[PDB]
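K.L.:
Sending over a structure as structure tokens; questions will come in a sec.
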Amino acid sequence: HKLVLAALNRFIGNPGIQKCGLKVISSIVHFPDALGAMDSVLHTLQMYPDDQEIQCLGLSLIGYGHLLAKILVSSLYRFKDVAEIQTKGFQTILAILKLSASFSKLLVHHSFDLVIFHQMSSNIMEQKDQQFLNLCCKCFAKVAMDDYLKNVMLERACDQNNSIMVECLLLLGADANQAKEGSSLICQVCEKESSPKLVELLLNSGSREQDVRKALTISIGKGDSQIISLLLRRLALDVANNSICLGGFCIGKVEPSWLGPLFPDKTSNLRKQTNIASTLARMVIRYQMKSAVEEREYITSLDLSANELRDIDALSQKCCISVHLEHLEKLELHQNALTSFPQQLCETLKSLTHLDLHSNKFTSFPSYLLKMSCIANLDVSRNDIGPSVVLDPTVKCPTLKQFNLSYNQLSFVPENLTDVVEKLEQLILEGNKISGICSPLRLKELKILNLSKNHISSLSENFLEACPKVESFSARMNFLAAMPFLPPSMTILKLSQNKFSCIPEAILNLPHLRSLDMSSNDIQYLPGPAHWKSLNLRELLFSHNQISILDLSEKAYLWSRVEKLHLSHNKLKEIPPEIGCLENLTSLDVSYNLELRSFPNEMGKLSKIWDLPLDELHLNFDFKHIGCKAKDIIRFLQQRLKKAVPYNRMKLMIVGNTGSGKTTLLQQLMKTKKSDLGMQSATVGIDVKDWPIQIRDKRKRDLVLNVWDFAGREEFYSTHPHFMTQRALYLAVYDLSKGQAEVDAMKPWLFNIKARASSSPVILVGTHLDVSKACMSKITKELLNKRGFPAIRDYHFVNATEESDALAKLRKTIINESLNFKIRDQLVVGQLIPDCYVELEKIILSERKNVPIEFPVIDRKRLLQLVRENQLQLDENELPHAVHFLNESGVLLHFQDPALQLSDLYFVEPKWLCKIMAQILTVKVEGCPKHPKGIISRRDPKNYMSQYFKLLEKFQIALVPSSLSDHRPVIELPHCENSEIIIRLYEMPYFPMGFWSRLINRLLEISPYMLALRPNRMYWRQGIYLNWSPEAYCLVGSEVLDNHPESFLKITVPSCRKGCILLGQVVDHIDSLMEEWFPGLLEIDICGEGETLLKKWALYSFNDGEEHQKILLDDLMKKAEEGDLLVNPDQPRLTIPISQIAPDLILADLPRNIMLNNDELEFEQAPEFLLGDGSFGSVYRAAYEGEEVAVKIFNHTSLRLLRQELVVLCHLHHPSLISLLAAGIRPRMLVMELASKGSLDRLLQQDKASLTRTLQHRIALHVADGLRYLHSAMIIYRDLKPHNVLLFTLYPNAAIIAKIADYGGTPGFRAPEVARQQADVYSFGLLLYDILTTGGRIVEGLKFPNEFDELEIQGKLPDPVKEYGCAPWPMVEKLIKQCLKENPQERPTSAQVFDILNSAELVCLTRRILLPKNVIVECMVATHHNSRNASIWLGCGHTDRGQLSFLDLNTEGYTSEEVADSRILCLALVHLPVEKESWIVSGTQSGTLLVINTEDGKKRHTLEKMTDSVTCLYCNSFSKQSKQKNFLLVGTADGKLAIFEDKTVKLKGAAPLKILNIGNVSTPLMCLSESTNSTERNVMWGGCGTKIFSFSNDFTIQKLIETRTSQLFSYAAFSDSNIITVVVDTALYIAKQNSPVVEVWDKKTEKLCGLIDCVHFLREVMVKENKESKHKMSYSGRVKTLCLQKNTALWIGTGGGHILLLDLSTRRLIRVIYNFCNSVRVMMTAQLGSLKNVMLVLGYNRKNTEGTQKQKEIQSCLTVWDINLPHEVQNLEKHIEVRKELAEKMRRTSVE
Ligand SMILES: C[C@@H]1CN(c2cc(-c3n[nH]c4ccc(OC5(C)CC5)cc34)ncn2)C[C@H](C)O1
Ligand SMILES: Nc1nc2c(ncn2[C@@H]2O[C@H](COP(=O)(O)OP(=O)(O)O)[C@@H](O)[C@H]2O)c(=O)[nH]1
């Protein structure tokens, strides 16, 4: 019982008894392992806390419900640091967790954090219980198992400021951008007044930039000077570029105490005290993996434009930066609201040369801005400068160049220019209010004046009489009358919008003038080219004048260079033929004249014309179906210059109805005697026949009209519209037996004749007198004549079987009607064509005398062979029109239609192919009607069955829409309550025949409605009724309402949100058809009234449901109700939104947020407010509730086009796309993002100082991404060029830099056009080329612009670095070539080019130099003393004897010169500060140490001949003699340090100061190094044999560290071999011959503190991409050389074809950059041409071209990397990830 009694007695013993009871139970707990005390021993703790002597015991006994934990920490917290009782506690926790894992989560539940934080931070480090502390890292490692536990405790770890532990947690993961995304870590960390080290650690690791900006706003709220300067240093600083990009931020005020540390400071050097955190992180990681596995120096200018600086005086003082400003050389203050530029500032900075501050609110040009030392381009161009701007004459500033004064409120030209600004060039004064006549203006160097938009009366006669270099005087929009003796030097003169009456003779005589724009003048006579006295006229812009003649008869060749001639809006009469001499004409413009009417054939010689607007003028020809475009018009005018002839050979379409005198009247018109077939049957198809008529009269014109006796029976009634062209003479026939009743039923036919060919004649012909009613002439005169039916021109009553004069009269009438057609007096029947067409027609007809009957088609190859067989003058560009024209004449049908596919096949003999297309429509099936009537599958010879229905369903006969269930099946809509449906009518007098056949076939195949779920559809002849659901369905019905002889087209669609989509997408397909095939219907006949024959109604009802009637409304009149949005009757209390009865016209269908209310508008449209022109309209700027927002206004255009654009540009959200904000119906225009820094063309035109390669690459990458998305959206751009790319910010590493405008071409932007997909790739190639070029492609657009598609694969293209001089930039120079394949199949995809652009290597490298063929070189030395242009001196080893091998870099010219009798090993540079020379030294195989001068390759003197092979040379920094001093080291193959002095090199056989024999004959000296710092007096370290050594100015071995005696043998010879390399840093990194591992010694302890293996980094990559590497287990690959950067990383040069980056501080591998060489032999650092700190890499590329001959072809591929690589490989890495998250977050807005 003792256990039971002891426990219960200790329980009841509330006073005193516990102190002993606990000792009794702690002794007894070991022996029986007893069994119900835990609860009571728990209870007693609460029952009396606070007694240490029992607390320790209780904790000791807990280890032998959750309230347990609640007492534990509350104990350890109540005894934080009283004694080592925490030991017993943490032992208890460690015991409990290892058996109950989840209890750990319970511990952190209560208070664990409070006490563990305290213990790990109560200064426990270097206190004696370091082993107890090891148990506690062991605790934490299991504590931080759950990542969420890391994040939330991290949250708590920043609440209380604790730098060491927050750093430790960051090293353990625990991302710092997860808390709230609106109030995430940095926000409260700057709110709670934390420490700079706490904020810096948060910023350095993952911290989203938006949160940083929010925290910047917060920390601006308070006054903090060490947290602000750390937020800016991560938000705005480009250290690579020396910048401050503080642009977008809304900083309330700038104070130098913030930017203080942003400027570079040489004193900045900080120790390593946070190593505690790294050590603790290492211990935690160790315990975690154990628990896991088996348990000068001045910056550039400043960001300043849009900051609304109401004052800039803050910088005028003598503050911290008042000495860095003195070398600014560019200052931008435009668009702020400044005033009165501070006088102290404008003399503080004495090197400013682009000061521009416009759009500010100045009111007085300071006139003390001009006392700066070297200023130019002074620009104040939108301020409110006072009425006069006189310059004070006490300033003599000559350096000013471009003194802009645009758009001020001036009243005079500035007064004292001539005495102040002498060298002034571009004095601009436009937009002012200059009124009075100007000054004599004695400026000696004006080069571009300007006076536009002033109010000038006239110019003084001595205005330009003293400015002998003016070039571009341009006074637009003034009130100007004459010109005052312009100096003979003007080149460009622009004088538009003035008030002239004739070109003043002061212009007709300028001896060098080049362009003259005088548009919008009211002038009368344009003097002939014999009045212009100038040999170089290029542009002559004269639009909007009143010009009568275009005098060119006098002397035309004197204007042979003219390239632009704009004469629009003039009273011209005709173009004189002398215009044919201006061969260099490029852009003629004679539009809007309304009185020109004819083009002379002479213009066909002006082949350079690429545009020729034809707006509002009528020509002979110009008929759209045959009308040419651009050069095609010139080709037409040139072929018409050759020879145009009368063609005289037309058509007669006979038309009947189911029976009449048609065939028996055609067989009587043709007088056909044969009667071969004694019994003709009903007509099949159209049966084309032809019959010549040599009219035996004075007119010998033997006219041949072809008769097409159309099908009578109604069954053929769908194809006939195809054979009714506009050019014809139709008959029609009665069968007068059913007189006055058949004549009624003939009405549809005439109607169709009025539908297709409005201006075609018709001839009625009675066909029966033998069969009996002849009063039919009544009704044809009574009803049929002139009411909506075509221009009947006769009627006859022949027998059409035999014996009468009436037939002769019918013949005469037909002949005389044919010879009298002449529509619009154009006379079709004899019009002129090139004889080539007639020849082609003749040869084709003669092949109607030779073809296969089974397949009358001709292949295009056969046609191009038959043109060769004859002597036709046609090329591959003539046939595309030739065959079309011959199609127009009924010779052969060929299909070029975009709706189908272009036919390689040619349908000569149409007479049987029309016969073939109708066979299917007559074959029936009286077998088993297994399918509903009309639908059928493939059921019928040699491959012809394939082409038959490869034509017929291309002909949309497939399921035959004809003979298809005329009676409609009964259909009921889910909802028919008069208010959930939308209904639209199409009342028309009679359906077109193939209307339904082609209507149900256009709606049918559009399956992806509201995209890919197909609907169920049950479609009879005249209806569809698709359905997805009761939420989406459509019934395009066909009913006739009672007492309505017309025929309607009822469409019903639910008024739901998606139903409006159905409506719109169906009305588009029903309207576009009507204007594509039936232009007669939707042709408003102003003659009579606007019937339009197509009265598209709209049905609306006020009474929601049970309206008892649907109220009509004509759609046009409803469209007139667009000034509002709601319709309402004469009774105005109730109304229906137009948004409820026609949601398709209505704006709301795309995301509803697009709506412009016309309320909070803010706008202007003057010629400053547009931003550019493009496609179908232009774009302007305005504001609304916004500030700046762009508006795309439209021309002329239509709400067809806009509906396309609305949908297609919407529903597409992408970072590279220019998203639109709103649309405006009333204002007929759209709204877009304002592109802040301009367009790419502008950027190229101006800003070439500021295009970094990074930046160019960013733009290209952004663009590559947009184009990729556009192909994700499966579509062409078709508009890619500098004019179309928009730039937002000029900050290189931003998130949005470039975007792409208007969507699916130019001489400056050509391709081999598909119609003359993969094409946009090529267009991108052009843009990319120019971006690489920076303005080379169309600067030539001022010069030789036709040449832009002439050298198409052939131009400056072969070497554009060479052809433009731009900075070399490989990989992408290969990318454009490799992209730019002429064949579209050969081009890579846009996704592929985007992926290749997303490659840090494409951004990081600039050149290599493949040395001459088979040269082996193994040593090289750079030159930094002449840092202007440097040459890299190489050795050789292709020869066993020594050649030196010079190699320059700016010329890349290799030279060879044998200088030694034995192969060289190494060289070095010893430059002497005296005598200004750099002796170059070379050590060799024989020991013959050679020294040769820099410039002289003859003053050579080998020094003492060494004993063994010299392995090394080196030049040190040893100034130990109180002066500048240097030495030289000769590493030989034995260790003998033959040291010398910097100057003693000249004397033959130099004297070694201290000959230090170090190594042995078997231990070869093999590497030397200097130290990393200079504070250790440059202790020198050199490897020797296998033991590294060191020395100093003493030149005595200071250490004999041995490496072979290593205690970590994984292999021996990797350390048991001769040393190869040594580098001196905080530690030592060493490698040996063929050692694939590097050894890391320490200088003090001399211990192998590191062992870093190379193939330890080769595995990770090879495993996927090298499968043959599984056979290469005995791997080649080892450290062939070392090269260490200053403090960032270390570059391992492999013996293989690889290179390794090592971040020596924290993470081992940054990147391996392979596949660029095969053996990295040499590596070193250097400086070149102010591009200091480059790293040269001499690698090998062996070619086994003759490897079978045991020989390899060697190319020493010397490359030059930019040493800044280890940053960009980790910084650009990051930059992708940024844009990847943003790629996804943006696509969330597409979801919702
Ligand atoms: C420098 C000036 C130039 N600017 C622009 C803006 C734009 C522009 N923005 N948004 C657009 C949307 C469409 C668009 O279609 C083009 C390419 C057809 C002209 C242009 C812009 N295009 C040139 N320049 C903006 C102002 C503030 O700055
Ligand atoms: N007796 C008689 N028959 C005629 C006359 N004109 C046409 N027909 C008949 O019309 C038929 C000619 O075919 P047509 O009607 O032109 O062919 P369809 O239009 O394809 O049916 C023959 O059967 C003729 O006998 C006429 O004046 N007298």
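Order determines the names: the first chain of the structure tokens is A, the second B, and so forth; residues in each chain are numbered 1 upward, and ligands are numbered 1 upward as they are shown.
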Give me, as a ChimeraX atom specification, all polymer residues having an atom no more than 9 Å from stretch 749-753 of chain A, counting only C-alpha atoms and skipping those fewer than 5 positions away in the same chain.

P.N.:
/A:655-657,721,724,730,732,758,760,762,784,788-790,990,992-993

K.L.:
Suppose we keep N, CA and C atoms; can you now write the selection as a PDB file, in the first residue's frame?

P.N.:
```
ATOM      1  N   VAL A 655     -34.252  33.084-118.462  1.00  0.00           N
ATOM      2  CA  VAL A 655     -34.809  32.719-117.166  1.00  0.00           C
ATOM      3  C   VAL A 655     -36.270  32.345-117.348  1.00  0.00           C
ATOM      4  N   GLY A 656     -36.673  31.215-116.774  1.00  0.00           N
ATOM      5  CA  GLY A 656     -38.056  30.792-116.832  1.00  0.00           C
ATOM      6  C   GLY A 656     -38.549  30.245-115.511  1.00  0.00           C
ATOM      7  N   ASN A 657     -39.654  29.502-115.533  1.00  0.00           N
ATOM      8  CA  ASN A 657     -40.197  28.928-114.305  1.00  0.00           C
ATOM      9  C   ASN A 657     -40.986  27.642-114.583  1.00  0.00           C
ATOM     10  N   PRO A 721     -28.169  32.287-108.008  1.00  0.00           N
ATOM     11  CA  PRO A 721     -27.542  33.578-107.721  1.00  0.00           C
ATOM     12  C   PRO A 721     -26.093  33.650-108.156  1.00  0.00           C
ATOM     13  N   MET A 724     -25.766  34.840-111.966  1.00  0.00           N
ATOM     14  CA  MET A 724     -26.444  36.081-112.329  1.00  0.00           C
ATOM     15  C   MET A 724     -25.497  37.235-112.020  1.00  0.00           C
ATOM     16  N   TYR A 730     -31.186  39.900-119.582  1.00  0.00           N
ATOM     17  CA  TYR A 730     -32.009  38.768-119.186  1.00  0.00           C
ATOM     18  C   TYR A 730     -33.266  38.692-120.031  1.00  0.00           C
ATOM     19  N   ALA A 732     -37.174  36.562-120.067  1.00  0.00           N
ATOM     20  CA  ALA A 732     -38.109  35.881-119.186  1.00  0.00           C
ATOM     21  C   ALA A 732     -39.260  35.403-120.051  1.00  0.00           C
ATOM     22  N   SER A 758     -29.139  45.405-110.554  1.00  0.00           N
ATOM     23  CA  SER A 758     -30.104  46.497-110.605  1.00  0.00           C
ATOM     24  C   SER A 758     -30.172  47.126-111.990  1.00  0.00           C
ATOM     25  N   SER A 760     -29.531  46.011-115.045  1.00  0.00           N
ATOM     26  CA  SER A 760     -29.540  45.043-116.116  1.00  0.00           C
ATOM     27  C   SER A 760     -30.878  45.061-116.837  1.00  0.00           C
ATOM     28  N   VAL A 762     -34.137  43.680-119.031  1.00  0.00           N
ATOM     29  CA  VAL A 762     -34.957  42.481-119.051  1.00  0.00           C
ATOM     30  C   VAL A 762     -35.878  42.557-120.257  1.00  0.00           C
ATOM     31  N   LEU A 784     -46.922  44.589-113.418  1.00  0.00           N
ATOM     32  CA  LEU A 784     -45.549  44.094-113.401  1.00  0.00           C
ATOM     33  C   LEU A 784     -44.505  45.136-113.775  1.00  0.00           C
ATOM     34  N   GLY A 788     -40.892  48.294-108.146  1.00  0.00           N
ATOM     35  CA  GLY A 788     -39.945  47.461-107.430  1.00  0.00           C
ATOM     36  C   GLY A 788     -39.272  46.381-108.246  1.00  0.00           C
ATOM     37  N   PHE A 789     -39.603  46.249-109.520  1.00  0.00           N
ATOM     38  CA  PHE A 789     -39.116  45.260-110.469  1.00  0.00           C
ATOM     39  C   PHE A 789     -38.237  45.926-111.522  1.00  0.00           C
ATOM     40  N   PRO A 790     -37.267  45.212-112.105  1.00  0.00           N
ATOM     41  CA  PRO A 790     -36.206  45.891-112.855  1.00  0.00           C
ATOM     42  C   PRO A 790     -36.675  46.557-114.137  1.00  0.00           C
ATOM     43  N   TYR A 990     -39.536  39.068-100.311  1.00  0.00           N
ATOM     44  CA  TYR A 990     -39.410  37.665-100.686  1.00  0.00           C
ATOM     45  C   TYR A 990     -38.016  37.211-100.298  1.00  0.00           C
ATOM     46  N   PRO A 992     -34.457  35.615-100.636  1.00  0.00           N
ATOM     47  CA  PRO A 992     -33.537  35.046-101.612  1.00  0.00           C
ATOM     48  C   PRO A 992     -33.500  33.505-101.545  1.00  0.00           C
ATOM     49  N   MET A 993     -33.251  32.834-102.685  1.00  0.00           N
ATOM     50  CA  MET A 993     -33.346  31.364-102.793  1.00  0.00           C
ATOM     51  C   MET A 993     -32.360  30.657-101.865  1.00  0.00           C
TER      52      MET A 993
END
```

K.L.:
Produce a table with one row for each residue of chain A that has an atom at most 6 Å from any atom of ligand 1, each row naming the nearest atom pair and its distance in Å at one decimal; use only C-alpha atoms and all ligand atoms; arrange rows by chain and rising residue number; format as CSV.

P.N.:
```
residue,atom,partner,partner_atom_place_in_ligand_line,distance
A:1171,CA,ligand 1,24 (N),4.9
A:1172,CA,ligand 1,19 (C),4.1
A:1173,CA,ligand 1,19 (C),4.6
A:1174,CA,ligand 1,18 (C),4.0
A:1179,CA,ligand 1,19 (C),5.8
A:1190,CA,ligand 1,10 (N),5.6
A:1232,CA,ligand 1,12 (C),5.8
A:1233,CA,ligand 1,10 (N),5.3
A:1234,CA,ligand 1,9 (N),4.4
A:1235,CA,ligand 1,9 (N),4.1
A:1236,CA,ligand 1,27 (C),5.0
A:1237,CA,ligand 1,1 (C),5.5
A:1238,CA,ligand 1,3 (C),3.8
A:1239,CA,ligand 1,23 (C),4.5
A:1283,CA,ligand 1,17 (C),5.9
A:1284,CA,ligand 1,17 (C),4.3
A:1301,CA,ligand 1,17 (C),5.6
```

K.L.:
Generate the output file for the selected residues, N, CA and C atoms, as an mmCIF file, in the first residue's frame.

P.N.:
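Okay, part_26.cif is ready:
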```cif
data_model
loop_
_atom_site.group_PDB
_atom_site.id
_atom_site.type_symbol
_atom_site.label_atom_id
_atom_site.label_comp_id
_atom_site.auth_asym_id
_atom_site.auth_seq_id
_atom_site.Cartn_x
_atom_site.Cartn_y
_atom_site.Cartn_z
ATOM 1 N N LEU A 1171 -1.743 62.169 -79.534
ATOM 2 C CA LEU A 1171 -0.441 61.587 -79.239
ATOM 3 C C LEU A 1171 0.173 60.912 -80.456
ATOM 4 N N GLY A 1172 -0.652 60.502 -81.409
ATOM 5 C CA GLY A 1172 -0.153 59.852 -82.604
ATOM 6 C C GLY A 1172 -1.307 59.359 -83.450
ATOM 7 N N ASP A 1173 -0.953 58.840 -84.619
ATOM 8 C CA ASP A 1173 -1.911 58.285 -85.562
ATOM 9 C C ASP A 1173 -1.653 56.794 -85.748
ATOM 10 N N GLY A 1174 -2.715 56.060 -86.073
ATOM 11 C CA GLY A 1174 -2.564 54.635 -86.293
ATOM 12 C C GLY A 1174 -3.831 53.909 -86.692
ATOM 13 N N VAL A 1179 -5.380 58.731 -81.775
ATOM 14 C CA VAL A 1179 -5.438 58.683 -80.318
ATOM 15 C C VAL A 1179 -5.100 60.063 -79.771
ATOM 16 N N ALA A 1190 -5.540 58.530 -72.115
ATOM 17 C CA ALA A 1190 -5.566 58.660 -73.571
ATOM 18 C C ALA A 1190 -6.964 58.370 -74.144
ATOM 19 N N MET A 1232 -7.707 54.771 -72.972
ATOM 20 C CA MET A 1232 -6.514 53.931 -72.778
ATOM 21 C C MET A 1232 -5.498 54.528 -71.804
ATOM 22 N N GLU A 1233 -4.635 53.656 -71.287
ATOM 23 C CA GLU A 1233 -3.471 54.022 -70.479
ATOM 24 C C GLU A 1233 -2.613 55.097 -71.180
ATOM 25 N N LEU A 1234 -2.130 56.105 -70.443
ATOM 26 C CA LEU A 1234 -1.196 57.096 -70.991
ATOM 27 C C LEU A 1234 0.262 56.603 -70.865
ATOM 28 N N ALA A 1235 0.944 56.331 -71.983
ATOM 29 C CA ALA A 1235 2.309 55.827 -72.013
ATOM 30 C C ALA A 1235 3.325 56.929 -71.630
ATOM 31 N N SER A 1236 4.025 56.768 -70.508
ATOM 32 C CA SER A 1236 4.446 57.966 -69.792
ATOM 33 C C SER A 1236 5.662 58.612 -70.440
ATOM 34 N N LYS A 1237 6.613 57.807 -70.904
ATOM 35 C CA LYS A 1237 7.852 58.328 -71.464
ATOM 36 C C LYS A 1237 7.858 58.351 -72.986
ATOM 37 N N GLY A 1238 6.711 58.147 -73.623
ATOM 38 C CA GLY A 1238 6.609 58.268 -75.064
ATOM 39 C C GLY A 1238 6.657 56.926 -75.767
ATOM 40 N N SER A 1239 6.733 57.005 -77.091
ATOM 41 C CA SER A 1239 6.737 55.822 -77.937
ATOM 42 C C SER A 1239 8.157 55.508 -78.392
ATOM 43 N N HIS A 1283 7.034 52.659 -84.101
ATOM 44 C CA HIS A 1283 5.898 53.557 -83.924
ATOM 45 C C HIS A 1283 4.813 52.923 -83.065
ATOM 46 N N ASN A 1284 4.815 51.593 -82.959
ATOM 47 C CA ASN A 1284 3.714 50.896 -82.312
ATOM 48 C C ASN A 1284 4.052 50.408 -80.910
ATOM 49 N N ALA A 1301 0.546 48.070 -79.050
ATOM 50 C CA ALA A 1301 -0.747 48.608 -79.490
ATOM 51 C C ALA A 1301 -1.470 47.806 -80.607
#
```

K.L.:
Could you report the residues within 6 Å of ligand 2, using only C-alpha atoms and all ligand atoms, as a PyMOL selection string?

P.N.:
chain A and resi 658-664+682-683+711-712+767-768+799-801

K.L.:
When you look at residue A:1022 with a cut-off of 7 Å (counting only C-alpha atoms), what residues show up, excluding the ones that are within fewer than 4 positions of it in the same chain? I need them as a list in words.

P.N.:
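The contact residues come out as residues 996, 1037 and 1038 of chain A.
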
K.L.:
Here is a test: counting only C-alpha atoms, which residue of A:1101, A:978, A:1043, A:772 is nearest to residue A:1129?

P.N.:
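Distance minimum relative to residue A:1129 lands on A:1101.
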
K.L.:
Pick out the residues sitting within 12 Å of residue A:1561, and hand them over as a PDB file with C-alpha atoms, in the first residue's frame; count only C-alpha atoms, and ignore anything fewer than 4 positions along from it in its own chain.

P.N.:
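That gives us out.pdb:
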```pdb
ATOM      1  CA  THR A1507      68.524  26.600 -64.838  1.00  0.00           C
ATOM      2  CA  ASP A1508      65.152  24.843 -65.235  1.00  0.00           C
ATOM      3  CA  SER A1509      61.852  25.557 -67.076  1.00  0.00           C
ATOM      4  CA  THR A1532      61.054  28.167 -62.305  1.00  0.00           C
ATOM      5  CA  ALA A1533      60.418  24.383 -62.258  1.00  0.00           C
ATOM      6  CA  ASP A1534      62.619  24.050 -59.151  1.00  0.00           C
ATOM      7  CA  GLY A1535      61.514  26.758 -56.688  1.00  0.00           C
ATOM      8  CA  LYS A1536      64.413  29.194 -57.133  1.00  0.00           C
ATOM      9  CA  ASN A1557      65.951  28.350 -53.826  1.00  0.00           C
ATOM     10  CA  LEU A1565      57.434  25.861 -58.287  1.00  0.00           C
ATOM     11  CA  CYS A1584      55.678  25.136 -54.290  1.00  0.00           C
ATOM     12  CA  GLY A1585      55.663  21.451 -55.114  1.00  0.00           C
TER      13      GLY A1585
END
```

K.L.:
So which residues of stretch 1458-1530 of chain A fall under strand (DSSP E) by DSSP, listed as a PyMOL selection string?

P.N.:
chain A and resi 1458+1464-1472+1477-1484+1490-1492+1510-1515+1527-1530

K.L.:
So what do you get for atom CA of residue A:1397 versus atom CA of residue A:1778, distance-wise?

P.N.:
16.2 Å
